[PDB]
$ cat protein14.pdb   # PDB, C-alpha atoms
ATOM      1  CA  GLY I  11     106.536  25.687   8.167
ATOM      2  CA  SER I  12     105.058  22.202   8.695
ATOM      3  CA  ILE I  13     101.792  22.027  10.679
ATOM      4  CA  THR I  14      98.979  19.474  11.165
ATOM      5  CA  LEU I  15      95.348  20.501  10.559
ATOM      6  CA  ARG I  16      93.668  17.418  12.016
ATOM      7  CA  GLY I  17      90.485  16.841  14.048
ATOM      8  CA  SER I  18      87.550  15.195  12.246
ATOM      9  CA  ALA I  19      85.812  15.091   8.845
ATOM     10  CA  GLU I  20      83.910  18.278   9.746
ATOM     11  CA  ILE I  21      86.578  19.850  11.984
ATOM     12  CA  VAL I  22      89.193  19.085   9.317
ATOM     13  CA  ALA I  23      87.215  20.838   6.586
ATOM     14  CA  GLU I  24      86.973  23.898   8.851
ATOM     15  CA  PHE I  25      90.554  23.604  10.155
ATOM     16  CA  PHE I  26      91.908  23.880   6.601
ATOM     17  CA  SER I  27      89.580  26.667   5.455
ATOM     18  CA  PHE I  28      90.228  28.811   8.559
ATOM     19  CA  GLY I  29      93.949  28.001   8.450
ATOM     20  CA  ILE I  30      94.016  28.667   4.698
ATOM     21  CA  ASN I  31      91.930  31.855   4.908
ATOM     22  CA  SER I  32      94.334  32.952   7.649
ATOM     23  CA  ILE I  33      97.392  32.783   5.385
ATOM     24  CA  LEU I  34      95.435  34.993   2.985
ATOM     25  CA  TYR I  35      94.309  37.391   5.732
ATOM     26  CA  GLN I  36      97.753  37.535   7.349
ATOM     27  CA  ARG I  37      99.741  37.426   4.099
ATOM     28  CA  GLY I  38      97.089  38.339   1.519
ATOM     29  CA  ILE I  39      99.287  39.306  -1.417
ATOM     30  CA  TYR I  40      96.219  41.234  -2.657
ATOM     31  CA  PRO I  41      93.213  41.016  -0.338
ATOM     32  CA  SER I  42      90.663  43.774   0.364
ATOM     33  CA  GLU I  43      89.112  45.591   3.349
ATOM     34  CA  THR I  44      86.414  42.910   3.513
ATOM     35  CA  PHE I  45      87.733  40.549   6.223
ATOM     36  CA  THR I  46      85.252  39.213   8.791
ATOM     37  CA  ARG I  47      85.630  38.594  12.543
ATOM     38  CA  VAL I  48      84.355  35.116  13.492
ATOM     39  CA  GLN I  49      84.497  33.527  16.967
ATOM     40  CA  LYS I  50      85.051  29.744  16.890
ATOM     41  CA  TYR I  51      87.419  26.993  18.120
ATOM     42  CA  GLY I  52      86.994  28.701  21.513
ATOM     43  CA  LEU I  53      88.513  31.997  20.284
ATOM     44  CA  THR I  54      88.154  34.785  17.697
ATOM     45  CA  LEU I  55      89.155  34.305  14.044
ATOM     46  CA  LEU I  56      89.558  36.453  10.911
ATOM     47  CA  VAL I  57      88.680  35.594   7.291
ATOM     48  CA  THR I  58      88.421  37.274   3.879
ATOM     49  CA  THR I  59      85.285  37.420   1.724
ATOM     50  CA  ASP I  60      87.171  37.811  -1.580
ATOM     51  CA  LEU I  61      84.750  35.931  -3.862
ATOM     52  CA  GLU I  62      87.444  35.619  -6.536
ATOM     53  CA  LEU I  63      89.973  33.773  -4.361
ATOM     54  CA  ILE I  64      87.008  32.259  -2.530
ATOM     55  CA  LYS I  65      85.642  30.911  -5.817
ATOM     56  CA  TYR I  66      88.954  29.062  -6.022
ATOM     57  CA  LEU I  67      88.883  27.803  -2.415
ATOM     58  CA  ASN I  68      85.110  27.245  -2.680
ATOM     59  CA  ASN I  69      85.445  24.569  -5.356
ATOM     60  CA  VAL I  70      88.394  23.054  -3.491
ATOM     61  CA  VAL I  71      86.540  23.284  -0.159
ATOM     62  CA  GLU I  72      83.684  21.335  -1.773
ATOM     63  CA  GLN I  73      86.052  18.590  -2.929
ATOM     64  CA  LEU I  74      87.710  18.713   0.506
ATOM     65  CA  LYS I  75      84.259  18.337   2.080
ATOM     66  CA  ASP I  76      83.986  15.123   0.052
ATOM     67  CA  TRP I  77      86.706  14.318  -2.520
ATOM     68  CA  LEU I  78      86.056  10.563  -2.625
ATOM     69  CA  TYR I  79      87.890   8.855   0.283
ATOM     70  CA  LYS I  80      87.429   8.090   4.001
ATOM     71  CA  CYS I  81      90.628   6.820   5.678
ATOM     72  CA  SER I  82      94.018   8.419   4.883
ATOM     73  CA  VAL I  83      94.660  11.389   2.534
ATOM     74  CA  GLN I  84      95.854  14.378   4.615
ATOM     75  CA  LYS I  85      98.804  16.497   3.419
ATOM     76  CA  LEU I  86      98.953  20.057   1.998
ATOM     77  CA  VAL I  87     101.725  22.374   0.758
ATOM     78  CA  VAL I  88     101.229  26.081  -0.052
ATOM     79  CA  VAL I  89     103.794  27.512  -2.497
ATOM     80  CA  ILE I  90     104.133  31.318  -2.580
ATOM     81  CA  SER I  91     106.898  33.163  -4.465
ATOM     82  CA  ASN I  92     107.905  36.849  -4.596
ATOM     83  CA  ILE I  93     107.676  38.102  -8.193
ATOM     84  CA  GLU I  94     109.485  41.286  -7.110
ATOM     85  CA  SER I  95     112.149  40.403  -4.508
ATOM     86  CA  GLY I  96     113.860  36.983  -4.638
ATOM     87  CA  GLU I  97     111.606  34.319  -6.208
ATOM     88  CA  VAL I  98     110.204  31.948  -3.530
ATOM     89  CA  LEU I  99     109.292  33.725  -0.269
ATOM     90  CA  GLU I 100     106.749  31.827   1.856
ATOM     91  CA  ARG I 101     105.625  28.189   2.181
ATOM     92  CA  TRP I 102     102.841  27.134   4.584
ATOM     93  CA  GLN I 103     102.966  23.320   4.752
ATOM     94  CA  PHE I 104     100.227  21.700   6.854
ATOM     95  CA  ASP I 105      99.185  18.038   7.042
ATOM     96  CA  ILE I 106      95.893  16.534   8.228
ATOM     97  CA  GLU I 107      95.040  13.634  10.557
ATOM     98  CA  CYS I 108      91.640  11.925  10.943
ATOM     99  CA  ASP I 109      90.931  10.077  14.214
ATOM    100  CA  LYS I 110      87.931   8.274  15.755
ATOM    101  CA  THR I 111      86.695   7.129  12.328
ATOM    102  CA  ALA I 112      83.058   5.950  12.155
ATOM    103  CA  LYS I 113      79.664   6.525  10.484
ATOM    104  CA  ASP I 114      76.877   5.190  12.731
ATOM    105  CA  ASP I 115      75.500   7.418  15.518
ATOM    106  CA  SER I 116      76.976  10.375  13.591
ATOM    107  CA  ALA I 117      74.720  13.318  14.513
ATOM    108  CA  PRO I 118      75.881  16.916  14.129
ATOM    109  CA  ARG I 119      77.584  17.057  17.554
ATOM    110  CA  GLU I 120      80.903  16.085  19.198
ATOM    111  CA  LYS I 121      82.673  19.260  20.420
ATOM    112  CA  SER I 122      86.055  19.919  18.764
ATOM    113  CA  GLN I 123      88.891  18.348  20.785
ATOM    114  CA  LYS I 124      90.498  20.843  23.191
ATOM    115  CA  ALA I 125      93.711  20.371  21.183
ATOM    116  CA  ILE I 126      91.816  21.812  18.205
ATOM    117  CA  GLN I 127      91.306  25.112  20.018
ATOM    118  CA  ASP I 128      94.955  25.233  21.074
ATOM    119  CA  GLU I 129      96.282  23.685  17.852
ATOM    120  CA  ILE I 130      94.076  25.807  15.602
ATOM    121  CA  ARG I 131      94.504  28.905  17.808
ATOM    122  CA  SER I 132      98.287  28.492  17.734
ATOM    123  CA  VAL I 133      98.196  28.274  13.934
ATOM    124  CA  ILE I 134      96.331  31.518  13.279
ATOM    125  CA  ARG I 135      98.466  33.009  16.056
ATOM    126  CA  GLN I 136     101.784  32.196  14.357
ATOM    127  CA  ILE I 137     100.476  33.474  10.998
ATOM    128  CA  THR I 138      99.084  36.762  12.353
ATOM    129  CA  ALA I 139     102.028  37.032  14.770
ATOM    130  CA  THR I 140     104.637  37.264  12.005
ATOM    131  CA  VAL I 141     102.327  39.594  10.047
ATOM    132  CA  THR I 142     102.498  42.372  12.658
ATOM    133  CA  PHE I 143     106.236  41.653  12.843
ATOM    134  CA  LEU I 144     106.299  41.904   9.030
ATOM    135  CA  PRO I 145     107.367  45.303   7.692
ATOM    136  CA  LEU I 146     104.049  45.698   5.824
ATOM    137  CA  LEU I 147     105.090  44.020   2.544
ATOM    138  CA  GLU I 148     103.267  42.258  -0.321
ATOM    139  CA  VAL I 149     104.606  43.013  -3.834
ATOM    140  CA  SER I 150     103.440  40.744  -6.685
ATOM    141  CA  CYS I 151     103.667  36.968  -6.106
ATOM    142  CA  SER I 152     102.352  33.497  -7.040
ATOM    143  CA  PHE I 153     100.088  31.230  -4.932
ATOM    144  CA  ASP I 154      99.470  27.464  -5.318
ATOM    145  CA  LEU I 155      97.616  25.068  -2.966
ATOM    146  CA  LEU I 156      98.662  21.384  -2.897
ATOM    147  CA  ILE I 157      96.823  18.334  -1.531
ATOM    148  CA  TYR I 158      99.048  15.348  -0.700
ATOM    149  CA  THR I 159      97.255  12.037  -0.083
ATOM    150  CA  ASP I 160      98.310   8.494   0.893
ATOM    151  CA  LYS I 161      97.193   6.090  -1.861
ATOM    152  CA  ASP I 162      93.524   6.808  -1.061
ATOM    153  CA  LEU I 163      92.379   9.487  -3.537
ATOM    154  CA  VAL I 164      92.361   9.301  -7.356
ATOM    155  CA  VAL I 165      90.576  12.585  -8.143
ATOM    156  CA  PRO I 166      89.902  12.230 -11.867
ATOM    157  CA  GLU I 167      89.454  15.183 -14.250
ATOM    158  CA  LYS I 168      86.365  15.957 -12.110
ATOM    159  CA  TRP I 169      88.536  18.778 -10.699
ATOM    160  CA  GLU I 170      90.390  20.272 -13.694
ATOM    161  CA  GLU I 171      93.333  17.957 -14.525
ATOM    162  CA  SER I 172      95.054  19.422 -11.409
ATOM    163  CA  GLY I 173      92.846  21.958  -9.573
ATOM    164  CA  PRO I 174      92.142  25.450 -10.908
ATOM    165  CA  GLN I 175      94.905  27.898 -11.908
ATOM    166  CA  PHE I 176      94.064  31.629 -11.751
ATOM    167  CA  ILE I 177      96.606  34.397 -12.457
ATOM    168  CA  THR I 178      97.035  38.153 -11.870
ATOM    169  CA  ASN I 179      99.236  41.011 -13.105
ATOM    170  CA  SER I 180      97.525  44.350 -12.355
ATOM    171  CA  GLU I 181      99.510  47.301 -10.937
ATOM    172  CA  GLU I 182      97.418  47.065  -7.753
ATOM    173  CA  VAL I 183      96.354  43.427  -7.310
ATOM    174  CA  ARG I 184      99.977  42.442  -6.632
ATOM    175  CA  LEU I 185      99.928  38.615  -6.670
ATOM    176  CA  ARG I 186     100.685  37.195 -10.140
ATOM    177  CA  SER I 187      99.682  33.522 -10.251
ATOM    178  CA  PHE I 188      97.206  31.417  -8.240
ATOM    179  CA  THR I 189      96.795  27.619  -8.388
ATOM    180  CA  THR I 190      95.769  24.407  -6.591
ATOM    181  CA  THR I 191      97.221  20.907  -7.152
ATOM    182  CA  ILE I 192      96.324  17.447  -5.781
ATOM    183  CA  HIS I 193      99.581  15.587  -5.051
ATOM    184  CA  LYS I 194      99.587  11.814  -4.439
ATOM    185  CA  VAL I 195     101.839  10.237  -1.776
ATOM    186  CA  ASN I 196     102.586   6.667  -0.620
ATOM    187  CA  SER I 197     103.154   6.128   3.123
TER
END
$ encode --input "protein14.pdb" --output "structure tokens"
Amino acid sequence: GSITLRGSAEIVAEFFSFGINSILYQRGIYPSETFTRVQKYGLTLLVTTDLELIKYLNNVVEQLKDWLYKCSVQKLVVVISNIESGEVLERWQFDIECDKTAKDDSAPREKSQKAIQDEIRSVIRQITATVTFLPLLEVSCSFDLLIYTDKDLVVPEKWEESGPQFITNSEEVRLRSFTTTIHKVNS
């Protein structure tokens, strides 16, 4: 599924986190009864407080909040595979798009573009929509987050040679492998 999590430096950071936390809440190959109801983007939203997976997204969210660019860079690919069904299984691909670039007269105010409410609401809607339609499944699987850029981000080892890489294998945590990679792209 290819989607576009665009908006603005701040809205983008949130767009990805909420969209990413959604895949976990909707799919969650091994979440916990700790979700949280949050009302934003003009509607209600759900998220997980799993510190473990959060620790992973937390470090990435920090880099996302300020990797080291300010122009292009804006592509992501989530790779999830079923370790107990048929290998690959789900792939949430979402790109980003920054508009109205600027720095002066910043100020913490702007109001997310109406399209953000509809665009972001439609995202969480399609994720949670299939979930209910899903025959309550999960099994053990692998999870990897990718960040595709456009010749505008040379994240050095500052991350970890390629984002973190956690793994699992407990007869209850399902899941099996978790990772995050920064991919580079040209036009």
$ residues_around --input "protein14.pdb" --residues "residue I:52" --least-positions-apart "4" --cutoff "9 Å" --atoms "all atoms listed in the file" --output "list in words"
residues 124, 127, 128 and 131 of chain I
$ write_last_selection --input "protein14.pdb" --atoms "C-alpha atoms" --output "short mmCIF file (atom, residue, chain, number, x, y, z; two decimals), in the frame of the given file"
data_model
loop_
_atom_site.label_atom_id
_atom_site.label_comp_id
_atom_site.auth_asym_id
_atom_site.auth_seq_id
_atom_site.Cartn_x
_atom_site.Cartn_y
_atom_site.Cartn_z
CA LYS I 124 90.50 20.84 23.19
CA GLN I 127 91.31 25.11 20.02
CA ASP I 128 94.96 25.23 21.07
CA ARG I 131 94.50 28.90 17.81
#
$ resolve_selection --input "protein14.pdb" --expression "the PyMOL selection byres ((chain I and resi 79) around 12)" --output "list in words"
residues 19, 73, 74, 75, 76, 77, 78, 80, 81, 82, 83, 84, 108, 159, 160, 161, 162, 163, 164 and 165 of chain I
$ residues_around --input "protein14.pdb" --residues "stretch 178-180 of chain I" --least-positions-apart "2" --cutoff "12 Å" --atoms "all atoms listed in the file" --output "tab-separated table (two decimals) with C-alpha atoms, keeping the file's coordinate frame"
chain	number	residue	atom	x	y	z
I	39	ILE	CA	99.29	39.31	-1.42
I	40	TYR	CA	96.22	41.23	-2.66
I	62	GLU	CA	87.44	35.62	-6.54
I	63	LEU	CA	89.97	33.77	-4.36
I	93	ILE	CA	107.68	38.10	-8.19
I	94	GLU	CA	109.48	41.29	-7.11
I	149	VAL	CA	104.61	43.01	-3.83
I	150	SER	CA	103.44	40.74	-6.68
I	151	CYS	CA	103.67	36.97	-6.11
I	152	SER	CA	102.35	33.50	-7.04
I	153	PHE	CA	100.09	31.23	-4.93
I	175	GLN	CA	94.90	27.90	-11.91
I	176	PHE	CA	94.06	31.63	-11.75
I	182	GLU	CA	97.42	47.06	-7.75
I	183	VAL	CA	96.35	43.43	-7.31
I	184	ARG	CA	99.98	42.44	-6.63
I	185	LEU	CA	99.93	38.62	-6.67
I	186	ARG	CA	100.68	37.20	-10.14
I	187	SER	CA	99.68	33.52	-10.25
I	188	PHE	CA	97.21	31.42	-8.24
I	189	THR	CA	96.80	27.62	-8.39
$ atom_distance --input "protein14.pdb" --atom1 "atom CA of residue I:99" --atom2 "atom CA of residue I:136"
16.5 Å
$ axis_aligned_box --input "protein14.pdb" --around "stretch 47-60 of chain I" --padding-each-side "4 Å" --output "lines of an AutoDock Vina configuration file"
center_x = 87.0
center_y = 32.8
center_z = 10.0
size_x = 13.2
size_y = 19.6
size_z = 31.1
$ residues_around --input "protein14.pdb" --residues "residue I:156" --least-positions-apart "4" --cutoff "10 Å" --atoms "only C-alpha atoms" --output "list in words"
residues 85, 86, 87, 88, 89, 103, 104, 172, 173, 189, 190, 191, 192, 193 and 194 of chain I
$ atom_distance --input "protein14.pdb" --atom1 "atom CA of residue I:142" --atom2 "atom CA of residue I:35"
11.8 Å
$ atom_distance --input "protein14.pdb" --atom1 "atom CA of residue I:29" --atom2 "atom CA of residue I:14"
10.3 Å
$ residues_around --input "protein14.pdb" --residues "residue I:38" --least-positions-apart "4" --cutoff "10 Å" --atoms "all atoms listed in the file" --output "MDAnalysis selection string"
chainID I and resid 31:34 42 58 147:148 184:185
$ resolve_selection --input "protein14.pdb" --expression "the PyMOL selection byres ((chain I and resi 138) around 10)" --output "PyMOL selection string"
chain I and resi 32-33+35-37+56+132-137+139-144
$ closest_residue --input "protein14.pdb" --among "I:116, I:68, I:111, I:59" --to "residue I:43" --atoms "only C-alpha atoms"
I:59
$ closest_residue --input "protein14.pdb" --among "I:91, I:177, I:18, I:11" --to "residue I:110" --atoms "only C-alpha atoms"
I:18
$ resolve_selection --input "protein14.pdb" --expression "the PyMOL selection byres ((chain I and resi 121) around 12)" --output "JSON, numbers by chain"
{"I": [17, 18, 20, 21, 50, 51, 52, 117, 118, 119, 120, 122, 123, 124, 125, 126, 127]}
$ decode --input "protein14.pdb" --residues "stretch 57-91 of chain I" --atoms "N, CA, C and O atoms" --output "PDB file, in the first residue's frame"
ATOM      1  N   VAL I  57      -3.239   4.746  19.871  1.00  0.00           N
ATOM      2  CA  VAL I  57      -1.760   4.548  19.849  1.00  0.00           C
ATOM      3  C   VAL I  57      -1.351   3.545  20.923  1.00  0.00           C
ATOM      4  O   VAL I  57      -2.084   3.290  21.855  1.00  0.00           O
ATOM      5  N   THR I  58      -0.181   2.984  20.809  1.00  0.00           N
ATOM      6  CA  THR I  58       0.276   2.008  21.833  1.00  0.00           C
ATOM      7  C   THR I  58       1.363   2.635  22.701  1.00  0.00           C
ATOM      8  O   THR I  58       2.115   3.481  22.259  1.00  0.00           O
ATOM      9  N   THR I  59       1.447   2.230  23.933  1.00  0.00           N
ATOM     10  CA  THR I  59       2.478   2.808  24.835  1.00  0.00           C
ATOM     11  C   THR I  59       3.606   1.795  25.060  1.00  0.00           C
ATOM     12  O   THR I  59       4.396   1.924  25.974  1.00  0.00           O
ATOM     13  N   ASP I  60       3.693   0.797  24.222  1.00  0.00           N
ATOM     14  CA  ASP I  60       4.775  -0.216  24.375  1.00  0.00           C
ATOM     15  C   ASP I  60       6.134   0.487  24.405  1.00  0.00           C
ATOM     16  O   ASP I  60       6.645   0.907  23.387  1.00  0.00           O
ATOM     17  N   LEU I  61       6.716   0.629  25.562  1.00  0.00           N
ATOM     18  CA  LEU I  61       8.032   1.322  25.652  1.00  0.00           C
ATOM     19  C   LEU I  61       9.081   0.589  24.820  1.00  0.00           C
ATOM     20  O   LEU I  61       9.925   1.199  24.194  1.00  0.00           O
ATOM     21  N   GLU I  62       9.041  -0.710  24.804  1.00  0.00           N
ATOM     22  CA  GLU I  62      10.043  -1.462  24.006  1.00  0.00           C
ATOM     23  C   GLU I  62       9.986  -1.010  22.547  1.00  0.00           C
ATOM     24  O   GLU I  62      10.912  -0.407  22.033  1.00  0.00           O
ATOM     25  N   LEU I  63       8.900  -1.273  21.875  1.00  0.00           N
ATOM     26  CA  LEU I  63       8.797  -0.831  20.460  1.00  0.00           C
ATOM     27  C   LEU I  63       8.924   0.687  20.419  1.00  0.00           C
ATOM     28  O   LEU I  63       9.532   1.249  19.529  1.00  0.00           O
ATOM     29  N   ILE I  64       8.373   1.358  21.394  1.00  0.00           N
ATOM     30  CA  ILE I  64       8.484   2.831  21.423  1.00  0.00           C
ATOM     31  C   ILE I  64       9.959   3.206  21.487  1.00  0.00           C
ATOM     32  O   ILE I  64      10.423   4.044  20.751  1.00  0.00           O
ATOM     33  N   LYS I  65      10.706   2.573  22.351  1.00  0.00           N
ATOM     34  CA  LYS I  65      12.153   2.898  22.434  1.00  0.00           C
ATOM     35  C   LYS I  65      12.731   2.888  21.025  1.00  0.00           C
ATOM     36  O   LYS I  65      13.540   3.719  20.661  1.00  0.00           O
ATOM     37  N   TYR I  66      12.300   1.953  20.225  1.00  0.00           N
ATOM     38  CA  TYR I  66      12.795   1.882  18.831  1.00  0.00           C
ATOM     39  C   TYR I  66      12.286   3.103  18.051  1.00  0.00           C
ATOM     40  O   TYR I  66      13.050   3.846  17.465  1.00  0.00           O
ATOM     41  N   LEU I  67      10.998   3.305  18.041  1.00  0.00           N
ATOM     42  CA  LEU I  67      10.425   4.463  17.306  1.00  0.00           C
ATOM     43  C   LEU I  67      10.826   5.786  17.968  1.00  0.00           C
ATOM     44  O   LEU I  67      10.878   6.818  17.331  1.00  0.00           O
ATOM     45  N   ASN I  68      11.107   5.765  19.243  1.00  0.00           N
ATOM     46  CA  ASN I  68      11.498   7.013  19.944  1.00  0.00           C
ATOM     47  C   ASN I  68      12.801   7.538  19.354  1.00  0.00           C
ATOM     48  O   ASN I  68      12.902   8.679  18.951  1.00  0.00           O
ATOM     49  N   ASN I  69      13.798   6.702  19.290  1.00  0.00           N
ATOM     50  CA  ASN I  69      15.090   7.142  18.715  1.00  0.00           C
ATOM     51  C   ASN I  69      14.868   7.576  17.269  1.00  0.00           C
ATOM     52  O   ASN I  69      15.334   8.610  16.837  1.00  0.00           O
ATOM     53  N   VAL I  70      14.142   6.793  16.520  1.00  0.00           N
ATOM     54  CA  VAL I  70      13.871   7.157  15.111  1.00  0.00           C
ATOM     55  C   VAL I  70      13.044   8.444  15.062  1.00  0.00           C
ATOM     56  O   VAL I  70      13.311   9.335  14.281  1.00  0.00           O
ATOM     57  N   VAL I  71      12.046   8.557  15.902  1.00  0.00           N
ATOM     58  CA  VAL I  71      11.223   9.793  15.908  1.00  0.00           C
ATOM     59  C   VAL I  71      12.130  10.997  16.178  1.00  0.00           C
ATOM     60  O   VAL I  71      11.968  12.051  15.595  1.00  0.00           O
ATOM     61  N   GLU I  72      13.097  10.843  17.044  1.00  0.00           N
ATOM     62  CA  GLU I  72      14.018  11.970  17.325  1.00  0.00           C
ATOM     63  C   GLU I  72      14.749  12.334  16.037  1.00  0.00           C
ATOM     64  O   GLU I  72      14.741  13.467  15.592  1.00  0.00           O
ATOM     65  N   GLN I  73      15.358  11.362  15.416  1.00  0.00           N
ATOM     66  CA  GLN I  73      16.066  11.624  14.137  1.00  0.00           C
ATOM     67  C   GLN I  73      15.070  12.226  13.140  1.00  0.00           C
ATOM     68  O   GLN I  73      15.352  13.201  12.468  1.00  0.00           O
ATOM     69  N   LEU I  74      13.894  11.660  13.061  1.00  0.00           N
ATOM     70  CA  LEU I  74      12.866  12.201  12.140  1.00  0.00           C
ATOM     71  C   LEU I  74      12.581  13.656  12.507  1.00  0.00           C
ATOM     72  O   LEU I  74      12.444  14.511  11.655  1.00  0.00           O
ATOM     73  N   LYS I  75      12.507  13.941  13.779  1.00  0.00           N
ATOM     74  CA  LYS I  75      12.249  15.340  14.213  1.00  0.00           C
ATOM     75  C   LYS I  75      13.382  16.240  13.724  1.00  0.00           C
ATOM     76  O   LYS I  75      13.221  17.435  13.577  1.00  0.00           O
ATOM     77  N   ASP I  76      14.530  15.672  13.467  1.00  0.00           N
ATOM     78  CA  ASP I  76      15.667  16.492  12.983  1.00  0.00           C
ATOM     79  C   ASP I  76      16.845  15.603  12.565  1.00  0.00           C
ATOM     80  O   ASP I  76      17.866  15.565  13.222  1.00  0.00           O
ATOM     81  N   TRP I  77      16.722  14.904  11.466  1.00  0.00           N
ATOM     82  CA  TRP I  77      17.845  14.044  11.002  1.00  0.00           C
ATOM     83  C   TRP I  77      19.042  14.934  10.695  1.00  0.00           C
ATOM     84  O   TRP I  77      20.070  14.873  11.338  1.00  0.00           O
ATOM     85  N   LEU I  78      18.886  15.768   9.704  1.00  0.00           N
ATOM     86  CA  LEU I  78      19.981  16.702   9.298  1.00  0.00           C
ATOM     87  C   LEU I  78      19.703  17.282   7.903  1.00  0.00           C
ATOM     88  O   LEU I  78      20.614  17.560   7.149  1.00  0.00           O
ATOM     89  N   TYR I  79      18.456  17.472   7.548  1.00  0.00           N
ATOM     90  CA  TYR I  79      18.150  18.037   6.199  1.00  0.00           C
ATOM     91  C   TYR I  79      17.117  19.162   6.306  1.00  0.00           C
ATOM     92  O   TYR I  79      16.879  19.703   7.368  1.00  0.00           O
ATOM     93  N   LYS I  80      16.505  19.518   5.209  1.00  0.00           N
ATOM     94  CA  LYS I  80      15.489  20.609   5.242  1.00  0.00           C
ATOM     95  C   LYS I  80      15.025  20.948   3.821  1.00  0.00           C
ATOM     96  O   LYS I  80      14.942  22.100   3.444  1.00  0.00           O
ATOM     97  N   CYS I  81      14.721  19.954   3.029  1.00  0.00           N
ATOM     98  CA  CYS I  81      14.262  20.227   1.635  1.00  0.00           C
ATOM     99  C   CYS I  81      13.533  19.006   1.063  1.00  0.00           C
ATOM    100  O   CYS I  81      12.325  18.997   0.939  1.00  0.00           O
ATOM    101  N   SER I  82      14.256  17.973   0.715  1.00  0.00           N
ATOM    102  CA  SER I  82      13.597  16.757   0.154  1.00  0.00           C
ATOM    103  C   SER I  82      13.522  15.662   1.225  1.00  0.00           C
ATOM    104  O   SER I  82      13.021  15.893   2.304  1.00  0.00           O
ATOM    105  N   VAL I  83      14.005  14.473   0.943  1.00  0.00           N
ATOM    106  CA  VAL I  83      13.934  13.386   1.965  1.00  0.00           C
ATOM    107  C   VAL I  83      12.461  13.151   2.321  1.00  0.00           C
ATOM    108  O   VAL I  83      11.816  14.017   2.872  1.00  0.00           O
ATOM    109  N   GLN I  84      11.897  12.008   2.003  1.00  0.00           N
ATOM    110  CA  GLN I  84      10.452  11.828   2.340  1.00  0.00           C
ATOM    111  C   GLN I  84       9.879  10.514   1.800  1.00  0.00           C
ATOM    112  O   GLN I  84       8.861  10.508   1.137  1.00  0.00           O
ATOM    113  N   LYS I  85      10.487   9.403   2.092  1.00  0.00           N
ATOM    114  CA  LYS I  85       9.919   8.114   1.599  1.00  0.00           C
ATOM    115  C   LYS I  85      10.103   7.035   2.670  1.00  0.00           C
ATOM    116  O   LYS I  85      11.107   6.990   3.346  1.00  0.00           O
ATOM    117  N   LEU I  86       9.126   6.190   2.864  1.00  0.00           N
ATOM    118  CA  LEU I  86       9.243   5.141   3.926  1.00  0.00           C
ATOM    119  C   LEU I  86       8.648   3.816   3.447  1.00  0.00           C
ATOM    120  O   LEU I  86       7.677   3.786   2.717  1.00  0.00           O
ATOM    121  N   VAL I  87       9.215   2.718   3.867  1.00  0.00           N
ATOM    122  CA  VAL I  87       8.669   1.394   3.451  1.00  0.00           C
ATOM    123  C   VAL I  87       8.688   0.423   4.637  1.00  0.00           C
ATOM    124  O   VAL I  87       9.732   0.082   5.157  1.00  0.00           O
ATOM    125  N   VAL I  88       7.539  -0.026   5.070  1.00  0.00           N
ATOM    126  CA  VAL I  88       7.498  -0.972   6.221  1.00  0.00           C
ATOM    127  C   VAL I  88       7.470  -2.413   5.710  1.00  0.00           C
ATOM    128  O   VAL I  88       6.614  -2.790   4.934  1.00  0.00           O
ATOM    129  N   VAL I  89       8.404  -3.221   6.131  1.00  0.00           N
ATOM    130  CA  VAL I  89       8.431  -4.635   5.657  1.00  0.00           C
ATOM    131  C   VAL I  89       8.027  -5.590   6.782  1.00  0.00           C
ATOM    132  O   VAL I  89       8.716  -5.727   7.775  1.00  0.00           O
ATOM    133  N   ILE I  90       6.920  -6.262   6.628  1.00  0.00           N
ATOM    134  CA  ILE I  90       6.472  -7.223   7.675  1.00  0.00           C
ATOM    135  C   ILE I  90       6.294  -8.607   7.048  1.00  0.00           C
ATOM    136  O   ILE I  90       5.692  -8.750   6.002  1.00  0.00           O
ATOM    137  N   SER I  91       6.824  -9.626   7.664  1.00  0.00           N
ATOM    138  CA  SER I  91       6.689 -10.991   7.074  1.00  0.00           C
ATOM    139  C   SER I  91       6.072 -11.967   8.080  1.00  0.00           C
ATOM    140  O   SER I  91       6.253 -11.843   9.274  1.00  0.00           O
TER     141      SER I  91
END
